[PDB]
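Below: run.txt (compact mmCIF, C-alpha atoms and all ligand atoms)
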# COMPACT_ATOMS: atom_id res chain seq x y z
CA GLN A 1 66.82 134.86 71.12
CA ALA A 2 68.87 134.63 74.32
CA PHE A 3 71.49 137.01 72.97
CA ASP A 4 71.68 140.49 71.47
CA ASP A 5 73.40 140.79 68.10
CA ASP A 6 74.60 144.38 68.32
CA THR A 7 76.05 143.75 71.75
CA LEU A 8 78.19 140.90 70.43
CA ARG A 9 79.07 142.96 67.35
CA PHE A 10 80.45 145.69 69.60
CA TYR A 11 82.88 143.33 71.30
CA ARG A 12 83.98 141.83 67.99
CA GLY A 13 84.80 145.26 66.56
CA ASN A 14 86.40 146.79 69.65
CA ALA A 15 88.20 143.75 71.07
CA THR A 16 91.62 145.43 71.07
CA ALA A 17 90.52 148.50 73.00
CA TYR A 18 88.23 146.59 75.34
CA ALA A 19 90.90 144.01 76.17
CA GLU A 20 92.99 146.79 77.71
CA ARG A 21 90.64 147.39 80.63
CA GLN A 22 91.04 145.17 83.69
CA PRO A 23 88.01 144.40 85.86
CA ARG A 24 88.02 145.03 89.61
CA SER A 25 88.91 141.94 91.63
CA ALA A 26 87.14 142.58 94.93
CA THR A 27 84.19 140.27 94.26
CA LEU A 28 86.45 137.65 92.66
CA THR A 29 88.63 137.44 95.76
CA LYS A 30 85.53 136.99 97.92
CA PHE A 31 84.14 134.37 95.52
CA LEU A 32 87.31 132.26 95.45
CA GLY A 33 87.48 132.47 99.24
CA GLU A 34 84.16 130.64 99.39
CA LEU A 35 85.44 127.73 97.30
CA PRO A 36 87.64 124.72 98.08
CA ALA A 37 91.16 124.81 96.64
CA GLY A 38 91.26 123.46 93.10
CA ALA A 39 87.52 123.88 92.55
CA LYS A 40 86.19 123.35 89.02
CA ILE A 41 84.94 126.71 87.72
CA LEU A 42 83.08 127.65 84.56
CA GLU A 43 83.54 131.27 83.51
CA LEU A 44 80.88 132.75 81.27
CA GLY A 45 81.59 135.86 79.21
CA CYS A 46 85.22 135.88 80.34
CA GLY A 47 86.11 138.79 78.07
CA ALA A 48 89.87 139.36 77.83
CA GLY A 49 90.53 136.61 80.36
CA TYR A 50 92.03 138.65 83.21
CA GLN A 51 89.99 136.89 85.87
CA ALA A 52 90.40 133.43 84.36
CA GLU A 53 94.15 134.09 84.46
CA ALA A 54 93.93 134.96 88.16
CA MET A 55 91.80 131.91 88.97
CA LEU A 56 94.17 129.57 87.13
CA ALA A 57 97.18 131.09 88.89
CA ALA A 58 95.28 130.56 92.16
CA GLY A 59 95.04 126.83 91.46
CA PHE A 60 91.49 126.51 90.17
CA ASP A 61 90.45 124.30 87.23
CA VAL A 62 88.86 126.93 84.98
CA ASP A 63 86.83 126.33 81.82
CA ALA A 64 86.88 129.84 80.34
CA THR A 65 84.34 130.79 77.68
CA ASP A 66 83.05 133.91 75.93
CA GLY A 67 80.43 134.62 73.30
CA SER A 68 82.80 136.72 71.21
CA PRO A 69 85.27 134.76 69.07
CA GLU A 70 87.46 137.89 68.94
CA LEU A 71 87.60 138.34 72.72
CA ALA A 72 87.96 134.59 73.24
CA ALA A 73 90.99 134.77 70.94
CA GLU A 74 92.49 137.60 73.02
CA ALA A 75 91.84 135.67 76.22
CA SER A 76 93.41 132.51 74.78
CA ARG A 77 96.59 134.42 73.97
CA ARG A 78 96.76 135.89 77.48
CA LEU A 79 96.05 132.59 79.23
CA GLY A 80 98.15 130.45 76.92
CA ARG A 81 95.19 128.07 77.07
CA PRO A 82 92.04 127.35 75.00
CA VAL A 83 89.20 129.83 75.57
CA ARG A 84 86.18 128.46 73.77
CA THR A 85 83.47 130.43 72.04
CA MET A 86 80.10 129.81 73.67
CA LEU A 87 76.95 131.90 74.03
CA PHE A 88 75.24 131.62 77.42
CA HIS A 89 72.20 129.78 76.06
CA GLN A 90 74.49 127.14 74.51
CA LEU A 91 75.47 125.84 77.95
CA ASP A 92 74.30 122.24 78.37
CA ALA A 93 76.56 120.77 81.06
CA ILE A 94 75.15 118.73 83.95
CA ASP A 95 76.64 118.70 87.47
CA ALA A 96 80.09 119.47 86.12
CA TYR A 97 81.21 122.61 87.96
CA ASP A 98 81.82 123.41 91.61
CA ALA A 99 81.18 127.05 90.73
CA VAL A 100 80.18 129.40 87.93
CA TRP A 101 81.61 132.91 87.56
CA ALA A 102 79.84 135.44 85.36
CA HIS A 103 81.25 138.93 85.83
CA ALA A 104 79.31 141.72 84.11
CA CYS A 105 78.05 139.56 81.25
CA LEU A 106 74.63 138.10 82.01
CA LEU A 107 73.54 141.74 82.06
CA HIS A 108 73.55 141.42 78.25
CA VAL A 109 70.85 138.73 78.23
CA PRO A 110 67.43 139.83 76.92
CA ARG A 111 65.11 140.08 79.93
CA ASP A 112 62.64 137.44 78.75
CA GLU A 113 65.43 134.90 78.32
CA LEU A 114 67.40 135.40 81.53
CA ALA A 115 65.42 132.86 83.56
CA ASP A 116 66.07 130.15 80.98
CA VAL A 117 69.78 130.93 80.98
CA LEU A 118 69.90 130.81 84.78
CA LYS A 119 68.20 127.41 84.61
CA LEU A 120 70.99 126.09 82.36
CA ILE A 121 73.50 127.31 84.94
CA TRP A 122 71.57 125.63 87.75
CA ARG A 123 71.80 122.34 85.85
CA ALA A 124 75.53 122.81 85.12
CA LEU A 125 76.35 123.31 88.80
CA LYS A 126 77.11 120.38 91.06
CA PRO A 127 74.94 120.09 94.18
CA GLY A 128 76.13 122.71 96.67
CA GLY A 129 77.83 124.71 93.93
CA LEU A 130 78.33 128.49 93.99
CA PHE A 131 77.20 130.80 91.19
CA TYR A 132 78.09 134.50 90.97
CA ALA A 133 76.79 136.99 88.43
CA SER A 134 76.90 140.78 88.43
CA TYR A 135 74.44 143.12 86.68
CA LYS A 136 74.10 146.84 85.99
CA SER A 137 71.04 147.96 87.96
CA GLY A 138 68.23 150.06 86.54
CA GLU A 139 64.48 150.40 86.07
CA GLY A 140 64.01 148.90 82.63
CA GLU A 141 66.01 147.36 79.80
CA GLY A 142 67.89 149.67 77.46
CA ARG A 143 70.90 150.14 75.18
CA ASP A 144 73.94 152.38 75.71
CA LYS A 145 75.66 154.77 73.30
CA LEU A 146 77.91 151.91 72.20
CA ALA A 147 74.89 149.85 71.07
CA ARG A 148 75.24 147.41 73.97
CA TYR A 149 72.02 145.99 75.41
CA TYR A 150 71.56 145.92 79.21
CA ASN A 151 68.66 144.35 81.11
CA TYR A 152 69.04 147.08 83.79
CA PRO A 153 67.15 145.18 86.52
CA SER A 154 66.40 145.83 90.18
CA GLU A 155 67.36 143.36 92.89
CA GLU A 156 63.68 142.43 93.25
CA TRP A 157 63.40 141.63 89.54
CA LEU A 158 66.59 139.56 89.61
CA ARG A 159 65.38 137.59 92.63
CA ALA A 160 62.10 136.83 90.85
CA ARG A 161 63.98 135.49 87.81
CA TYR A 162 66.38 133.43 89.93
CA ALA A 163 63.42 131.89 91.77
CA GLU A 164 61.76 130.94 88.49
CA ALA A 165 65.00 129.43 87.18
CA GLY A 166 65.34 126.92 89.99
CA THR A 167 65.56 126.13 93.67
CA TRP A 168 68.44 127.96 95.35
CA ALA A 169 69.62 127.06 98.85
CA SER A 170 70.64 130.67 99.40
CA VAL A 171 70.64 134.00 97.56
CA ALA A 172 72.97 136.83 98.59
CA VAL A 173 73.14 140.24 96.93
CA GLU A 174 75.51 143.16 97.45
CA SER A 175 76.02 146.33 95.44
CA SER A 176 79.01 148.34 94.29
CA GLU A 177 79.47 151.70 92.62
CA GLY A 178 81.69 152.05 89.56
CA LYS A 179 82.12 153.52 86.09
CA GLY A 180 81.14 151.49 83.04
CA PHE A 181 83.20 151.18 79.87
CA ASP A 182 81.17 154.12 78.54
CA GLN A 183 82.56 156.20 81.42
CA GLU A 184 79.08 156.58 82.90
CA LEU A 185 78.59 156.05 86.63
CA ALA A 186 76.62 152.89 87.38
CA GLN A 187 75.57 150.62 90.22
CA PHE A 188 76.32 146.92 89.97
CA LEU A 189 74.37 144.20 91.77
CA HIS A 190 76.38 141.10 92.66
CA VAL A 191 74.22 137.99 93.04
CA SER A 192 75.71 134.89 94.67
CA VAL A 193 73.56 131.77 94.87
CA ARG A 194 74.09 128.22 96.11
CA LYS A 195 72.56 125.15 94.49
CA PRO A 196 70.96 122.75 97.02
CA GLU A 197 73.11 119.95 98.45
CA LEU A 198 72.60 116.33 97.40
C1 LIG B 201 81.19 143.78 79.85
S1 LIG B 201 82.03 142.42 79.09
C2 LIG B 201 82.74 141.76 80.60
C3 LIG B 201 83.98 140.83 80.37
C4 LIG B 201 84.50 140.40 81.80
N1 LIG B 201 83.89 139.20 82.52
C5 LIG B 201 85.01 141.61 82.52
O1 LIG B 201 84.47 141.91 83.62
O2 LIG B 201 85.93 142.26 82.08
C6 LIG B 201 80.52 141.60 78.63
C7 LIG B 201 81.05 140.11 78.16
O3 LIG B 201 79.85 139.31 77.90
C8 LIG B 201 80.17 138.63 76.51
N2 LIG B 201 79.12 138.46 75.69
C9 LIG B 201 78.17 139.40 75.28
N3 LIG B 201 77.02 138.64 74.97
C10 LIG B 201 77.14 137.36 75.34
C11 LIG B 201 76.36 136.13 75.16
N4 LIG B 201 75.15 136.23 74.78
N5 LIG B 201 76.97 134.93 75.38
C12 LIG B 201 78.16 134.92 75.95
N6 LIG B 201 79.04 135.94 75.95
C13 LIG B 201 78.59 137.21 75.70
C14 LIG B 201 81.00 139.73 75.73
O4 LIG B 201 81.74 139.11 74.62
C15 LIG B 201 81.94 140.25 76.81
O5 LIG B 201 83.22 139.62 76.82
Target format structure tokens, applied to this file:
Amino acid sequence: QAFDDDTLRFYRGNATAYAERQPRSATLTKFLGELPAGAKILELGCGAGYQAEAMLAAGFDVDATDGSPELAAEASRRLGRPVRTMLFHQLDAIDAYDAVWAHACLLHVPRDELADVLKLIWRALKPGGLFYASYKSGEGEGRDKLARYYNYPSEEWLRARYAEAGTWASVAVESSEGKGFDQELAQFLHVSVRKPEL
């Protein structure tokens, strides 16, 4: 399957504690700066909704979603708006979003299913749309002490999967250094791609 059960089970049993941590906004600010005001944005794996809240306040039309009903519930309370429950592989929209934001969530997709998920995102994006996704880098898939699955890919592996998923007009990648929820130091790869213009 395109999702890991124990990963989702972790978020559904630790939603209160996890909802207390706010993600860094550096890459979000850069992302929004590359979009027109009021852009239509789909957020995948929105978690507690901190970033969806920021995007909405910034004037964007955000369709926030998360695979965990528990976290989606927390996000809906924070946003005062509907945060729907949706697993990545359930996406089936076509040319509906100017951009897609997926912060530290597609890293939970089983390696063999990532390309297919990226293809769904390609289809959901409008021509010329921007898609950002961050991943925890590594040299092989694994699972942390909290039972969360990570695809732990290299930039080269990610680029190969993105190329198989579809034709991208451009692919930009930058890295950052930060501590994960498990308090372990980790490197994150931020992939920003553009869907070809009409
Ligand atoms: C590390 S959290 C990041 C939440 C957020 N974007 C942030 O940076 O705070 C990983 C997110 O991916 C979501 N999740 C895990 N598996 C997923 C799946 N297969 N479909 C969609 N959501 C999923 C989890 O519920 C969780 O909210």
Given all atoms listed in the file as the basis, pick out the residue of A:102, A:42, A:193, A:120 nearest to residue A:64.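 Among the listed residues, the smallest separation from residue A:64 belongs to A:42.
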Provide the atom CA of residue A:163 to atom CA of residue A:117 distance in Å, to one decimal place.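 If I compute the distance from atom CA of residue A:163 to atom CA of residue A:117, I get 12.6 Å.
Among the candidates A:184, A:155, A:128, A:150, the one nearest to residue A:168 when counting all atoms listed in the file is A:128.
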Write out as number ranges by chain each polymer residue (protein, DNA or RNA) that has an atom no more than 7 Å from ligand LIG 201 (chain B), with all atoms listed in the file counted. A: 2-4, 7-8, 11, 22-23, 44-48, 66-68, 71, 86-88, 102-106, 108-109
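Minimum atom-to-atom distance to residue A:43, evaluated using only C-alpha atoms, belongs to A:84 out of A:119, A:84, A:126, A:161.
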In Å, how far is it from atom CA of residue A:190 to atom CA of residue A:133? 5.9 Å
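What separates atom CA of residue A:56 from atom CA of residue A:195 is a distance of 23.3 Å.
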Out of A:6, A:92, A:20, A:98, which residue has the shortest atom-to-atom distance to residue A:39 when counting only C-alpha atoms?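 Counting only C-alpha atoms, the residue closest to residue A:39 is A:98.
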Compile a residue-level contact table for stretch 58-158 of chain A against stretch 169-178 of chain A at a cut-off of 12 Å, reporting for every qualifying residue the shortest atom pair and its distance in Å to one decimal, with all atoms listed in the file counted, rows ordered by chain and ascending number, as CSV.
residue,atom,partner,partner_atom,distance
A:104,CA,A:178,CA,11.9
A:122,CA,A:169,CA,11.4
A:127,CA,A:169,CA,9.9
A:128,CA,A:169,CA,8.1
A:129,CA,A:169,CA,9.9
A:130,CA,A:170,CA,9.7
A:131,CA,A:171,CA,9.7
A:132,CA,A:172,CA,9.5
A:133,CA,A:173,CA,9.8
A:134,CA,A:175,CA,9.0
A:135,CA,A:175,CA,9.5
A:136,CA,A:175,CA,9.7
A:137,CA,A:175,CA,9.1
A:154,CA,A:175,CA,11.0
A:155,CA,A:173,CA,7.7
A:156,CA,A:173,CA,10.4
A:158,CA,A:173,CA,9.8
Among A:51, A:29, A:183, A:167, residue A:197 is approached most closely, using all atoms listed in the file, by A:167
If you count all atoms listed in the file, the residue of A:123, A:97, A:60, A:53 closest to residue A:81 turns out to be A:53
